[PDB]
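>>> my complex, part one, positions kept as in the full thing:
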Amino acid sequence: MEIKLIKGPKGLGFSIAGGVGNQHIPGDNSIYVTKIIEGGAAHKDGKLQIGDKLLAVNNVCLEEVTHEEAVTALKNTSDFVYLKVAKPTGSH
């Protein structure tokens, strides 16, 4: 699930979690949104909602990185931001 968010003066307008020691979900060290601010990029978009995981962002994978990388990649937005979200399914 990809979403083409346009970088605005305000910013992202939400929060995230990610990585060992700072994981958002047990068993998954991916980057998940923990709190979306009103009138924010995600909030306004509607596609991104609490519980989603960040597969990749700007060509980089956000599923095997620490929290620093989760924030560094979310903050690494120039004109546009290509967010890649993975669909949670699992086998077990």
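Sure thing, it's come through. Numbers count the residues shown, from 1 in each chain, chains lettered A, B, ... in the order given.
>>> list the beta-bridge partners for the residue nearest the centre of chain A.
The C-alpha lying nearest the average C-alpha coordinate of chain A belongs to residue A:54 (C-alpha atoms, centre = their mean; 4.5 Å). For residue A:54, the residues forming beta bridges with it (DSSP bridges) are residue A:31, residue A:85.
>>> who's in contact with it?
Applying C-beta atoms under 8 Å, 6 or more residues apart in numbering to residue A:54 gives the contacts A:16, A:18, A:30-32, A:62-63, A:70, A:73-74, A:83-86. Quick note: C-beta positions are derived from backbone N, CA and C, even for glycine.
>>> quick one: which of those residues is nearest residue A:1?
For the contacts of residue A:54, the closest approach to residue A:1 (C-beta to C-beta) belongs to residue A:85, at 4.2 Å.
>>> include chain B too:
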Amino acid sequence: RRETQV
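Following on from the chains above, chain B is added here:
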């Protein structure tokens, strides 16, 4: 666990 805003 750590949750930071961005």
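>>> ok so, going back, gap between the residue nearest to the centre of chain A and residue A:92?
Here the distance between residue A:54 and residue A:92 works out to 22 Å (C-beta to C-beta, to the nearest Å).
>>> same question for residue A:21.
For residue A:21, the distance to residue A:92 - C-beta to C-beta - is 24 Å.
>>> residues of stretch A:20-38 that come out buried?
A:22-24, A:29-34, A:36 (16 or more other C-beta atoms under 10 Å in any protein chain shown).
>>> contact partners of that stretch?
Outside stretch A:20-38, the residues within contact range by C-beta atoms under 8 Å, 6 or more residues apart in numbering or on different chains are A:13-19, A:42-43, A:48-55, A:57, A:62-67, A:70, A:73-74, A:86, A:88, B:1-3, B:5.
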